[PDB]
Every structure is written in structure tokens, then in C-alpha cells.
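Content type compact mmCIF, C-alpha atoms and all ligand atoms, from the file work-v2.txt:
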```txt
# COMPACT_ATOMS: atom_id res chain seq x y z
CA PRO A 1 -18.85 -16.91 -6.38
CA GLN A 2 -17.13 -13.58 -6.90
CA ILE A 3 -13.77 -13.32 -5.08
CA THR A 4 -12.16 -9.98 -4.55
CA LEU A 5 -8.40 -9.73 -4.20
CA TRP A 6 -7.88 -7.68 -1.08
CA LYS A 7 -6.72 -10.83 0.69
CA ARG A 8 -4.93 -13.88 -0.67
CA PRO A 9 -7.72 -15.95 -2.44
CA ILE A 10 -7.54 -19.02 -0.28
CA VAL A 11 -10.47 -21.40 -0.53
CA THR A 12 -11.62 -24.75 0.84
CA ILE A 13 -11.03 -27.74 -1.47
CA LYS A 14 -12.43 -31.26 -1.41
CA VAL A 15 -9.73 -33.66 -2.68
CA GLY A 16 -8.95 -37.33 -1.91
CA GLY A 17 -11.75 -37.66 0.67
CA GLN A 18 -10.15 -34.85 2.68
CA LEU A 19 -10.47 -31.08 2.96
CA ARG A 20 -7.58 -28.78 2.24
CA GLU A 21 -7.11 -25.02 1.92
CA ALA A 22 -5.48 -23.83 -1.31
CA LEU A 23 -4.47 -20.58 -3.00
CA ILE A 24 -6.29 -19.73 -6.27
CA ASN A 25 -3.39 -18.85 -8.45
CA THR A 26 -3.78 -17.47 -12.08
CA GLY A 27 0.01 -17.39 -12.22
CA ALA A 28 0.28 -21.17 -11.86
CA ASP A 29 -0.14 -23.58 -14.77
CA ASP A 30 -0.66 -26.59 -12.49
CA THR A 31 -2.40 -27.59 -9.25
CA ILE A 32 -0.17 -28.91 -6.42
CA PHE A 33 -0.89 -30.16 -2.89
CA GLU A 34 1.60 -31.10 -0.16
CA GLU A 35 1.10 -34.78 0.62
CA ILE A 36 -2.25 -36.35 0.21
CA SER A 37 -3.06 -39.86 -0.85
CA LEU A 38 -4.76 -39.99 -4.23
CA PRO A 39 -6.06 -42.86 -6.39
CA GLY A 40 -4.52 -44.34 -9.52
CA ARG A 41 -1.11 -44.62 -11.08
CA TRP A 42 1.25 -41.73 -10.69
CA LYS A 43 4.36 -40.82 -12.54
CA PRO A 44 7.28 -38.66 -11.44
CA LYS A 45 7.40 -35.15 -12.91
CA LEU A 46 10.06 -32.42 -12.54
CA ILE A 47 8.51 -29.08 -12.23
CA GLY A 48 9.68 -25.55 -12.16
CA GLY A 49 13.03 -24.91 -13.71
CA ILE A 50 13.55 -21.39 -12.42
CA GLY A 51 16.58 -22.02 -10.14
CA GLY A 52 16.11 -25.77 -9.90
CA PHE A 53 13.50 -28.46 -10.22
CA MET A 54 11.10 -30.05 -7.73
CA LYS A 55 10.18 -33.72 -8.20
CA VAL A 56 6.47 -34.40 -7.67
CA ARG A 57 4.01 -37.26 -8.20
CA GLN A 58 1.64 -36.54 -11.08
CA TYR A 59 -1.87 -38.01 -10.72
CA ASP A 60 -4.23 -37.58 -13.66
CA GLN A 61 -7.99 -37.43 -13.68
CA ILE A 62 -8.49 -36.47 -10.06
CA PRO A 63 -11.82 -35.03 -9.00
CA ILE A 64 -11.81 -31.98 -6.77
CA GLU A 65 -14.48 -29.62 -5.54
CA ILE A 66 -13.36 -25.94 -5.43
CA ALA A 67 -15.64 -23.86 -3.32
CA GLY A 68 -18.65 -26.03 -4.42
CA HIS A 69 -17.81 -26.65 -8.08
CA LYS A 70 -16.57 -29.96 -9.41
CA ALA A 71 -13.41 -30.19 -11.56
CA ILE A 72 -11.43 -33.14 -12.87
CA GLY A 73 -7.77 -32.73 -13.76
CA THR A 74 -4.18 -33.42 -12.97
CA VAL A 75 -3.03 -32.94 -9.38
CA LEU A 76 0.61 -32.86 -8.51
CA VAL A 77 1.62 -34.05 -5.02
CA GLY A 78 4.89 -32.93 -3.51
CA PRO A 79 6.70 -30.74 -1.13
CA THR A 80 5.14 -27.40 -1.91
CA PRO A 81 4.99 -24.82 0.88
CA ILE A 82 1.64 -23.61 -0.26
CA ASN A 83 -1.25 -25.69 -1.79
CA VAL A 84 -2.20 -24.15 -5.11
CA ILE A 85 -5.15 -24.31 -7.53
CA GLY A 86 -3.70 -23.50 -10.96
CA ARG A 87 -5.14 -22.79 -14.36
CA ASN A 88 -5.59 -26.50 -15.27
CA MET A 89 -8.34 -26.70 -12.64
CA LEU A 90 -9.61 -23.16 -12.95
CA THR A 91 -10.58 -23.65 -16.56
CA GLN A 92 -12.64 -26.69 -15.58
CA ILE A 93 -14.74 -24.65 -13.17
CA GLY A 94 -15.16 -21.83 -15.66
CA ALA A 95 -13.16 -19.36 -13.56
CA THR A 96 -12.52 -16.00 -15.16
CA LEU A 97 -10.86 -12.78 -14.34
CA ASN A 98 -13.15 -9.83 -14.72
CA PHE A 99 -12.75 -6.11 -14.55
CA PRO B 1 -12.70 -7.47 -19.99
CA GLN B 2 -13.31 -11.11 -19.18
CA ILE B 3 -10.12 -13.24 -19.34
CA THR B 4 -10.35 -16.97 -19.52
CA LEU B 5 -7.52 -19.11 -18.19
CA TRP B 6 -6.77 -21.51 -20.98
CA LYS B 7 -3.55 -19.62 -21.64
CA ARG B 8 -1.30 -17.72 -19.25
CA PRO B 9 -3.14 -14.32 -18.66
CA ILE B 10 -0.51 -12.06 -20.10
CA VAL B 11 -1.63 -8.53 -20.88
CA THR B 12 -0.21 -5.25 -22.19
CA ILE B 13 0.69 -2.69 -19.50
CA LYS B 14 1.43 1.02 -19.73
CA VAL B 15 4.07 1.90 -17.10
CA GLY B 16 6.82 4.56 -16.97
CA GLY B 17 6.04 5.91 -20.46
CA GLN B 18 6.73 2.45 -21.89
CA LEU B 19 4.75 -0.66 -22.75
CA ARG B 20 5.43 -3.98 -21.12
CA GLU B 21 3.77 -7.40 -21.10
CA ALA B 22 2.96 -8.83 -17.67
CA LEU B 23 1.34 -11.90 -16.14
CA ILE B 24 -1.89 -11.31 -14.15
CA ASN B 25 -1.13 -13.24 -11.04
CA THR B 26 -3.72 -13.76 -8.16
CA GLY B 27 -1.00 -15.71 -6.38
CA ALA B 28 1.25 -12.64 -6.09
CA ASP B 29 0.84 -10.00 -3.39
CA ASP B 30 2.96 -7.44 -5.26
CA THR B 31 3.60 -6.13 -8.78
CA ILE B 32 7.18 -6.46 -10.14
CA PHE B 33 8.83 -5.48 -13.43
CA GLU B 34 12.36 -6.26 -14.63
CA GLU B 35 14.17 -2.95 -15.08
CA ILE B 36 12.27 0.12 -16.01
CA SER B 37 12.95 3.67 -14.98
CA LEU B 38 10.24 5.06 -12.71
CA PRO B 39 9.75 8.44 -11.01
CA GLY B 40 10.25 9.34 -7.37
CA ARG B 41 12.23 8.07 -4.43
CA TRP B 42 12.72 4.38 -4.09
CA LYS B 43 13.77 2.27 -1.19
CA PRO B 44 15.36 -1.17 -1.14
CA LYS B 45 13.04 -4.05 -0.23
CA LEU B 46 13.83 -7.77 0.28
CA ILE B 47 11.15 -9.90 -1.11
CA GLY B 48 10.30 -13.52 -1.10
CA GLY B 49 11.78 -15.54 1.68
CA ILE B 50 11.00 -18.98 0.32
CA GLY B 51 14.58 -20.24 -0.28
CA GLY B 52 16.20 -16.82 -0.22
CA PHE B 53 15.45 -13.17 -0.76
CA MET B 54 15.56 -10.92 -3.83
CA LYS B 55 16.50 -7.26 -3.35
CA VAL B 56 14.30 -4.90 -5.38
CA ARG B 57 13.66 -1.16 -5.65
CA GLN B 58 10.25 -0.23 -4.23
CA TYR B 59 8.54 2.74 -5.93
CA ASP B 60 5.26 3.92 -4.42
CA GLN B 61 2.37 5.67 -6.09
CA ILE B 62 3.13 4.63 -9.65
CA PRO B 63 0.40 4.92 -12.24
CA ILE B 64 -0.13 2.01 -14.60
CA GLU B 65 -2.74 1.16 -17.18
CA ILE B 66 -3.69 -2.57 -17.25
CA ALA B 67 -5.49 -3.49 -20.39
CA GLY B 68 -7.14 0.01 -20.48
CA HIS B 69 -7.83 0.59 -16.78
CA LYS B 70 -5.85 2.98 -14.63
CA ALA B 71 -4.34 1.88 -11.29
CA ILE B 72 -1.97 3.59 -8.88
CA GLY B 73 0.16 1.52 -6.52
CA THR B 74 3.53 0.23 -5.54
CA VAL B 75 5.73 -1.21 -8.27
CA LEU B 76 8.80 -3.20 -7.44
CA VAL B 77 11.69 -3.11 -9.93
CA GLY B 78 14.24 -5.90 -9.96
CA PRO B 79 15.55 -8.98 -11.55
CA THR B 80 12.39 -10.97 -11.97
CA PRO B 81 12.23 -13.46 -14.84
CA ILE B 82 8.62 -12.69 -15.47
CA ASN B 83 6.83 -9.27 -15.13
CA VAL B 84 3.88 -9.70 -12.80
CA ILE B 85 0.69 -7.79 -11.95
CA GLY B 86 -0.16 -8.78 -8.36
CA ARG B 87 -3.10 -8.23 -6.07
CA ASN B 88 -1.99 -4.71 -4.99
CA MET B 89 -2.77 -3.50 -8.52
CA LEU B 90 -5.62 -5.87 -9.26
CA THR B 91 -7.70 -4.51 -6.43
CA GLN B 92 -7.28 -1.00 -7.82
CA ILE B 93 -8.80 -2.01 -11.16
CA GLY B 94 -11.62 -3.91 -9.49
CA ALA B 95 -10.42 -7.28 -10.78
CA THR B 96 -12.33 -10.28 -9.50
CA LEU B 97 -12.33 -13.98 -9.90
CA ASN B 98 -15.67 -15.32 -10.95
CA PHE B 99 -17.15 -18.73 -11.39
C1 LIG A 101 5.98 -25.08 -8.18
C2 LIG A 101 5.36 -24.81 -6.82
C3 LIG A 101 6.07 -25.62 -5.72
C4 LIG A 101 5.32 -23.33 -6.43
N1 LIG A 101 5.01 -22.25 -7.41
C5 LIG A 101 6.25 -21.43 -7.74
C6 LIG A 101 7.19 -21.97 -8.84
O1 LIG A 101 6.31 -22.05 -9.99
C7 LIG A 101 8.38 -21.01 -9.12
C8 LIG A 101 7.91 -19.57 -9.45
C9 LIG A 101 9.03 -18.55 -9.57
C10 LIG A 101 9.01 -17.56 -10.55
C11 LIG A 101 10.04 -16.65 -10.63
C12 LIG A 101 11.08 -16.69 -9.72
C13 LIG A 101 11.12 -17.63 -8.72
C14 LIG A 101 10.07 -18.57 -8.65
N2 LIG A 101 9.05 -21.56 -10.31
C15 LIG A 101 10.06 -22.39 -10.21
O2 LIG A 101 10.65 -22.94 -11.12
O3 LIG A 101 10.55 -22.66 -8.92
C16 LIG A 101 11.68 -23.55 -8.84
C17 LIG A 101 12.34 -23.26 -7.50
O4 LIG A 101 12.97 -24.48 -7.07
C18 LIG A 101 12.10 -25.58 -7.50
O5 LIG A 101 11.14 -25.93 -6.48
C19 LIG A 101 9.91 -25.42 -6.94
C20 LIG A 101 9.90 -25.37 -8.47
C21 LIG A 101 11.37 -25.05 -8.74
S1 LIG A 101 3.47 -21.73 -7.76
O6 LIG A 101 2.48 -22.78 -7.56
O7 LIG A 101 3.36 -21.05 -8.97
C22 LIG A 101 3.31 -20.60 -6.56
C23 LIG A 101 3.63 -19.27 -6.84
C24 LIG A 101 3.53 -18.28 -5.87
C25 LIG A 101 3.09 -18.66 -4.58
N3 LIG A 101 2.96 -17.73 -3.56
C26 LIG A 101 2.78 -20.00 -4.30
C27 LIG A 101 2.89 -20.97 -5.29
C1 LIG A 102 9.07 -12.58 -6.33
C2 LIG A 102 9.08 -12.68 -7.85
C3 LIG A 102 10.50 -12.48 -8.41
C4 LIG A 102 8.49 -13.98 -8.40
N1 LIG A 102 7.28 -14.63 -7.81
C5 LIG A 102 7.65 -15.90 -7.07
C6 LIG A 102 8.13 -15.77 -5.60
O1 LIG A 102 7.01 -15.12 -4.97
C7 LIG A 102 8.42 -17.15 -4.95
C8 LIG A 102 7.20 -18.11 -5.05
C9 LIG A 102 7.48 -19.53 -4.57
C10 LIG A 102 6.53 -20.24 -3.84
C11 LIG A 102 6.82 -21.53 -3.43
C12 LIG A 102 8.01 -22.13 -3.76
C13 LIG A 102 8.96 -21.46 -4.52
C14 LIG A 102 8.68 -20.15 -4.92
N2 LIG A 102 8.66 -16.87 -3.53
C15 LIG A 102 9.87 -16.67 -3.07
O2 LIG A 102 10.18 -16.38 -1.92
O3 LIG A 102 10.95 -16.84 -3.95
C16 LIG A 102 12.27 -16.65 -3.41
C17 LIG A 102 13.21 -17.40 -4.34
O4 LIG A 102 14.47 -16.72 -4.30
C18 LIG A 102 14.19 -15.29 -4.16
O5 LIG A 102 14.09 -14.64 -5.44
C19 LIG A 102 12.72 -14.41 -5.65
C20 LIG A 102 12.01 -14.25 -4.30
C21 LIG A 102 12.82 -15.22 -3.45
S1 LIG A 102 5.72 -14.27 -8.24
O6 LIG A 102 5.59 -12.89 -8.72
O7 LIG A 102 4.77 -14.64 -7.31
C22 LIG A 102 5.57 -15.30 -9.52
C23 LIG A 102 5.02 -16.57 -9.30
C24 LIG A 102 4.89 -17.49 -10.32
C25 LIG A 102 5.32 -17.11 -11.62
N3 LIG A 102 5.21 -17.97 -12.70
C26 LIG A 102 5.88 -15.85 -11.83
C27 LIG A 102 6.01 -14.94 -10.79
```

Show me this structure written as C-alpha cells.
Ligand SMILES: CC(C)CN(C[C@@H](O)[C@H](Cc1ccccc1)NC(=O)O[C@H]1CO[C@H]2OCC[C@H]21)S(=O)(=O)c1ccc(N)cc1
Ligand SMILES: CC(C)CN(C[C@@H](O)[C@H](Cc1ccccc1)NC(=O)O[C@H]1CO[C@H]2OCC[C@H]21)S(=O)(=O)c1ccc(N)cc1
Amino acid sequence: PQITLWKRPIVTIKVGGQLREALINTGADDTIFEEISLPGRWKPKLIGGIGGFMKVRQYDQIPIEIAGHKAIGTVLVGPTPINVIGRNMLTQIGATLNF
Amino acid sequence: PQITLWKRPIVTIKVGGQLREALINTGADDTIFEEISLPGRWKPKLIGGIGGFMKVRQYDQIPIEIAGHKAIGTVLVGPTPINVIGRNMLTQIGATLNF
């Protein structure tokens, strides 16, 4: 698809056998969801650093479907106020910015 | 241009008779630069809200050139750690996300 930016670019995601809404965020290195059960072994990760750190669970090699397109990558699970699709996943779907 | 997302999408901006680097950020509603002198009347604005607020100077109707393309819009000036081009400006240049 082609997504214009007059509204926040929030899209439907398939992840962990569930559906979630998430913000497509070119400003985010990583993809993070609030609390979802995912498969495999996780490890703790501290993220952020600008004013403090948030501890999250890092799951690698998670399949997601982002508005119809399949991606595999790292998904962080933790107490984010806003689910986010970051560049790690956007590269996998071939997302570009165009003007 | 077409910008891939394997690196942070940082681009050269012309603003206030100066050059700055800024992050193209689809996750940001607004455009914010660290401290730059701009023309016109500003007003204070509190931004954020997620953990606290940052007070910034809001300048309206500021021309910028974002990798070659002219945009006019609101520019916030304040103590951001990272200069950001947000959706307010991205819509003016016709920036889209495509996959
Ligand atoms: C890490 C996520 C929970 C949230 N994100 C913001 C985060 O990257 C901020 C971005 C940031 C940049 C400049 C100034 C303030 C915040 N950086 C940061 O270090 O925040 C710290 C704040 O306390 C800790 O808890 C979260 C991470 C740690 S994000 O995915 O990029 C993001 C960015 C903007 C929006 N609207 C929604 C999500
Ligand atoms: C407002 C700017 C200074 C910074 N931005 C982050 C900001 O939107 C966070 C985004 C955010 C989202 C979820 C969790 C934490 C932070 N939201 C927020 O309310 O932050 C508050 C923190 O203290 C105050 O100072 C800054 C604004 C106030 S941002 O332009 O979207 C931005 C986002 C990510 C990066 N890497 C760089 C910039």
C-alpha cells in the first residue's frame, strides 16, 4: 500500500495468533508491543536511555503480518503506551519513504 | 527520493538560514529543532504528556527545505535531544510510506 501521513499511520498487525493495532514509526529502531504471549526463549533488554531505561522481553525471530505483508524479526514485549512497528520490521517488508 | 530504512532516516534540512540534520519520523506529529533562531511571533506550547511535558516555542508558517523539497509549517524550538521532521511537514512534501 501507499500510506499518506495526514493521520497517525496506525495499521492492523497479525502477531502471536492475535490482532493488534500499531503505529508505523520510522523514528523507532525496534518493534514493541504491550503484553502479548510469544513463542521461544526471551531475554531481558533495557531500552531507551533518554531519561531512563525500560526493561522489556526480547523475542527473536517472530513472524508478523503488517497490513498483509509477512516479516520476521525481533519483537520486544513490555509496558509501552503505544504499540510500534519500527525499522527492524519495516525493512523486512520493503517499506520506503517516498517523495 | 526513495529512502530505505536500514539506517535511521536522517536528512539535511534548510531552516532559518542554517543547515541542520533531522530524523524523518512518521511517529511524530510535530517537527522540533533544538535551538535555532526563527522569524515571527512565537507562543509557548507544552508538548508530550507521556511522563511529563516539555515547554517549547511554537513558530508558525516557517519555510523549510527537506532534502530539496520546500514545506511551510509549524516548527517547535526547544530542548529536544534529536531534531525531528514530523508528519506536519511530511504531508507538505507529499511524503508517503510505500510497500
Ligand atoms: C521505547 C518505547 C517504549 C517508546 N518510544 C520512545 C522512546 O524511544 C524514547 C524517545 C524519546 C526521544 C527524545 C526524548 C524523549 C523520548 N526514548 C527513550 O529513551 O525513552 C526513555 C524514557 O523512559 C524509558 O521508558 C521508555 C524508554 C526510556 S518509540 O517506540 O520510539 C515511540 C516514539 C514516539 C511515539 N509516539 C511512540 C513510540
Ligand atoms: C517531543 C520530542 C522532544 C521527542 N519525541 C518523543 C516524545 O514524543 C515522547 C515519546 C514517547 C512515547 C512513549 C513513551 C515514552 C516517550 N512523548 C512524550 O510525551 O515525552 C515526554 C517525556 O518528557 C517530556 O519531554 C519530551 C516530551 C515529554 S519525538 O519527536 O516523537 C521522537 C521520538 C523518537 C525519537 N528517537 C526521537 C524523537

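Between ligand LIG 101 (chain A) and the residues B:87, B:43, B:20, B:70, the shortest atom-to-atom distance, using all atoms listed in the file, involves B:87.
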
Wanna dump the chain B-chain A contacts at 12 Å for me, each residue with its shortest atom pair and the distance in Å to one decimal, counting all atoms listed in the file, ordered by chain and number, as JSON lines?
```
{"residue": "B:1", "atom": "CA", "partner": "A:99", "partner_atom": "CA", "distance": 5.6}
{"residue": "B:2", "atom": "CA", "partner": "A:98", "partner_atom": "CA", "distance": 4.6}
{"residue": "B:3", "atom": "CA", "partner": "A:97", "partner_atom": "CA", "distance": 5.1}
{"residue": "B:4", "atom": "CA", "partner": "A:96", "partner_atom": "CA", "distance": 5.0}
{"residue": "B:5", "atom": "CA", "partner": "A:91", "partner_atom": "CA", "distance": 5.7}
{"residue": "B:6", "atom": "CA", "partner": "A:91", "partner_atom": "CA", "distance": 6.2}
{"residue": "B:7", "atom": "CA", "partner": "A:87", "partner_atom": "CA", "distance": 8.1}
{"residue": "B:8", "atom": "CA", "partner": "A:27", "partner_atom": "CA", "distance": 7.2}
{"residue": "B:9", "atom": "CA", "partner": "A:26", "partner_atom": "CA", "distance": 7.3}
{"residue": "B:10", "atom": "CA", "partner": "A:27", "partner_atom": "CA", "distance": 9.5}
{"residue": "B:22", "atom": "CA", "partner": "A:27", "partner_atom": "CA", "distance": 10.6}
{"residue": "B:23", "atom": "CA", "partner": "A:27", "partner_atom": "CA", "distance": 6.9}
{"residue": "B:24", "atom": "CA", "partner": "A:27", "partner_atom": "CA", "distance": 6.7}
{"residue": "B:25", "atom": "CA", "partner": "A:27", "partner_atom": "CA", "distance": 4.5}
{"residue": "B:26", "atom": "CA", "partner": "A:25", "partner_atom": "CA", "distance": 5.1}
{"residue": "B:27", "atom": "CA", "partner": "A:25", "partner_atom": "CA", "distance": 4.5}
{"residue": "B:28", "atom": "CA", "partner": "A:27", "partner_atom": "CA", "distance": 7.9}
{"residue": "B:29", "atom": "CA", "partner": "A:8", "partner_atom": "CA", "distance": 7.5}
{"residue": "B:30", "atom": "CA", "partner": "A:8", "partner_atom": "CA", "distance": 11.2}
{"residue": "B:49", "atom": "CA", "partner": "A:81", "partner_atom": "CA", "distance": 11.5}
{"residue": "B:50", "atom": "CA", "partner": "A:81", "partner_atom": "CA", "distance": 8.4}
{"residue": "B:51", "atom": "CA", "partner": "A:51", "partner_atom": "CA", "distance": 10.2}
{"residue": "B:52", "atom": "CA", "partner": "A:51", "partner_atom": "CA", "distance": 11.2}
{"residue": "B:66", "atom": "CA", "partner": "A:99", "partner_atom": "CA", "distance": 10.1}
{"residue": "B:67", "atom": "CA", "partner": "A:99", "partner_atom": "CA", "distance": 9.7}
{"residue": "B:68", "atom": "CA", "partner": "A:99", "partner_atom": "CA", "distance": 10.2}
{"residue": "B:69", "atom": "CA", "partner": "A:99", "partner_atom": "CA", "distance": 8.6}
{"residue": "B:70", "atom": "CA", "partner": "A:99", "partner_atom": "CA", "distance": 11.4}
{"residue": "B:80", "atom": "CA", "partner": "A:50", "partner_atom": "CA", "distance": 10.5}
{"residue": "B:81", "atom": "CA", "partner": "A:50", "partner_atom": "CA", "distance": 8.4}
{"residue": "B:82", "atom": "CA", "partner": "A:27", "partner_atom": "CA", "distance": 10.3}
{"residue": "B:83", "atom": "CA", "partner": "A:27", "partner_atom": "CA", "distance": 11.0}
{"residue": "B:84", "atom": "CA", "partner": "A:27", "partner_atom": "CA", "distance": 8.6}
{"residue": "B:85", "atom": "CA", "partner": "A:27", "partner_atom": "CA", "distance": 9.6}
{"residue": "B:86", "atom": "CA", "partner": "A:5", "partner_atom": "CA", "distance": 9.3}
{"residue": "B:87", "atom": "CA", "partner": "A:5", "partner_atom": "CA", "distance": 5.8}
{"residue": "B:88", "atom": "CA", "partner": "A:6", "partner_atom": "CA", "distance": 7.7}
{"residue": "B:89", "atom": "CA", "partner": "A:5", "partner_atom": "CA", "distance": 9.4}
{"residue": "B:90", "atom": "CA", "partner": "A:5", "partner_atom": "CA", "distance": 6.9}
{"residue": "B:91", "atom": "CA", "partner": "A:5", "partner_atom": "CA", "distance": 5.7}
{"residue": "B:92", "atom": "CA", "partner": "A:6", "partner_atom": "CA", "distance": 9.5}
{"residue": "B:93", "atom": "CA", "partner": "A:99", "partner_atom": "CA", "distance": 6.6}
{"residue": "B:94", "atom": "CA", "partner": "A:99", "partner_atom": "CA", "distance": 5.6}
{"residue": "B:95", "atom": "CA", "partner": "A:99", "partner_atom": "CA", "distance": 4.6}
{"residue": "B:96", "atom": "CA", "partner": "A:4", "partner_atom": "CA", "distance": 5.0}
{"residue": "B:97", "atom": "CA", "partner": "A:97", "partner_atom": "CA", "distance": 4.8}
{"residue": "B:98", "atom": "CA", "partner": "A:2", "partner_atom": "CA", "distance": 4.6}
{"residue": "B:99", "atom": "CA", "partner": "A:95", "partner_atom": "CA", "distance": 4.6}
```

Once you have the residues from the selection above, write them out as a PDB file, keeping the file's coordinate frame, restricted to C-alpha atoms.
```pdb
ATOM      1  CA  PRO B   1     -12.700  -7.470 -19.990  1.00  0.00           C
ATOM      2  CA  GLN B   2     -13.310 -11.110 -19.180  1.00  0.00           C
ATOM      3  CA  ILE B   3     -10.120 -13.240 -19.340  1.00  0.00           C
ATOM      4  CA  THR B   4     -10.350 -16.970 -19.520  1.00  0.00           C
ATOM      5  CA  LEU B   5      -7.520 -19.110 -18.190  1.00  0.00           C
ATOM      6  CA  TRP B   6      -6.770 -21.510 -20.980  1.00  0.00           C
ATOM      7  CA  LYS B   7      -3.550 -19.620 -21.640  1.00  0.00           C
ATOM      8  CA  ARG B   8      -1.300 -17.720 -19.250  1.00  0.00           C
ATOM      9  CA  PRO B   9      -3.140 -14.320 -18.660  1.00  0.00           C
ATOM     10  CA  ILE B  10      -0.510 -12.060 -20.100  1.00  0.00           C
ATOM     11  CA  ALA B  22       2.960  -8.830 -17.670  1.00  0.00           C
ATOM     12  CA  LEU B  23       1.340 -11.900 -16.140  1.00  0.00           C
ATOM     13  CA  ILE B  24      -1.890 -11.310 -14.150  1.00  0.00           C
ATOM     14  CA  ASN B  25      -1.130 -13.240 -11.040  1.00  0.00           C
ATOM     15  CA  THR B  26      -3.720 -13.760  -8.160  1.00  0.00           C
ATOM     16  CA  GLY B  27      -1.000 -15.710  -6.380  1.00  0.00           C
ATOM     17  CA  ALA B  28       1.250 -12.640  -6.090  1.00  0.00           C
ATOM     18  CA  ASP B  29       0.840 -10.000  -3.390  1.00  0.00           C
ATOM     19  CA  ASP B  30       2.960  -7.440  -5.260  1.00  0.00           C
ATOM     20  CA  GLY B  49      11.780 -15.540   1.680  1.00  0.00           C
ATOM     21  CA  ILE B  50      11.000 -18.980   0.320  1.00  0.00           C
ATOM     22  CA  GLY B  51      14.580 -20.240  -0.280  1.00  0.00           C
ATOM     23  CA  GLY B  52      16.200 -16.820  -0.220  1.00  0.00           C
ATOM     24  CA  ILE B  66      -3.690  -2.570 -17.250  1.00  0.00           C
ATOM     25  CA  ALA B  67      -5.490  -3.490 -20.390  1.00  0.00           C
ATOM     26  CA  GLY B  68      -7.140   0.010 -20.480  1.00  0.00           C
ATOM     27  CA  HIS B  69      -7.830   0.590 -16.780  1.00  0.00           C
ATOM     28  CA  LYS B  70      -5.850   2.980 -14.630  1.00  0.00           C
ATOM     29  CA  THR B  80      12.390 -10.970 -11.970  1.00  0.00           C
ATOM     30  CA  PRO B  81      12.230 -13.460 -14.840  1.00  0.00           C
ATOM     31  CA  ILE B  82       8.620 -12.690 -15.470  1.00  0.00           C
ATOM     32  CA  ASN B  83       6.830  -9.270 -15.130  1.00  0.00           C
ATOM     33  CA  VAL B  84       3.880  -9.700 -12.800  1.00  0.00           C
ATOM     34  CA  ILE B  85       0.690  -7.790 -11.950  1.00  0.00           C
ATOM     35  CA  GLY B  86      -0.160  -8.780  -8.360  1.00  0.00           C
ATOM     36  CA  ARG B  87      -3.100  -8.230  -6.070  1.00  0.00           C
ATOM     37  CA  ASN B  88      -1.990  -4.710  -4.990  1.00  0.00           C
ATOM     38  CA  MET B  89      -2.770  -3.500  -8.520  1.00  0.00           C
ATOM     39  CA  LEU B  90      -5.620  -5.870  -9.260  1.00  0.00           C
ATOM     40  CA  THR B  91      -7.700  -4.510  -6.430  1.00  0.00           C
ATOM     41  CA  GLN B  92      -7.280  -1.000  -7.820  1.00  0.00           C
ATOM     42  CA  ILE B  93      -8.800  -2.010 -11.160  1.00  0.00           C
ATOM     43  CA  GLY B  94     -11.620  -3.910  -9.490  1.00  0.00           C
ATOM     44  CA  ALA B  95     -10.420  -7.280 -10.780  1.00  0.00           C
ATOM     45  CA  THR B  96     -12.330 -10.280  -9.500  1.00  0.00           C
ATOM     46  CA  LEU B  97     -12.330 -13.980  -9.900  1.00  0.00           C
ATOM     47  CA  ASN B  98     -15.670 -15.320 -10.950  1.00  0.00           C
ATOM     48  CA  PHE B  99     -17.150 -18.730 -11.390  1.00  0.00           C
TER      49      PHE B  99
END
```

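CA of residue 12 (chain B) is found 27.7 Å from CA of residue 53 (chain B).
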
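Of the residues under consideration (B:15, B:46, B:54, B:36), B:54 shows the shortest atom-to-atom contact distance to ligand LIG 101 (chain A) when counting all atoms listed in the file.
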
Would you mind listing what lies within 8 Å of residue 35 (chain B) as a PyMOL selection string, with only C-alpha atoms counted and same-chain residues fewer than 4 positions away left out?
chain B and resi 77-79

Since we have the selection now, will you write its residues out, keeping C-alpha atoms, as a PDB file, in the coordinates of the input?
```pdb
ATOM      1  CA  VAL B  77      11.690  -3.110  -9.930  1.00  0.00           C
ATOM      2  CA  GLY B  78      14.240  -5.900  -9.960  1.00  0.00           C
ATOM      3  CA  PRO B  79      15.550  -8.980 -11.550  1.00  0.00           C
TER       4      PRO B  79
END
```

Contacts of residue 72 (chain A) at 9 Å or less, counting all atoms listed in the file, minus same-chain residues fewer than 5 places along, as a list in words?
residues 60, 61, 62, 63, 64, 65, 89 and 92 of chain A

Edge lengths and centre, in Å to one decimal, as AutoDock Vina command-line options: that's what I need for the box along x, y and z that holds all listed atoms of ligand LIG 101 (chain A) plus 8 Å on each side.
```
--center_x 7.7 --center_y -21.3 --center_z -7.3 --size_x 26.5 --size_y 25.3 --size_z 23.6
```

Can you work out the spacing between atom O6 of ligand LIG 101 (chain A) and CA of residue 34 (chain A) in Å, to one decimal?
11.2 Å

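Taking atom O4 of ligand LIG 102 (chain A) as the reference point, CA of residue 42 (chain A) is found at 29.0 Å.
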
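Nearest to ligand LIG 101 (chain A) of all the residues A:58, A:48, A:32, A:41 is A:48, counting all atoms listed in the file.
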
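Using all atoms listed in the file, the shortest contact distance between ligand LIG 102 (chain A) and any of B:31, B:16, B:11, B:75 is found at B:31.
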
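Distances here use all atoms listed in the file; by that measure, the residue among A:56, A:76, A:71, A:47 closest to ligand LIG 101 (chain A) is A:47.
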
Proximity to ligand LIG 101 (chain A) - best of A:39, A:44, A:59, A:33, all atoms listed in the file
A:33
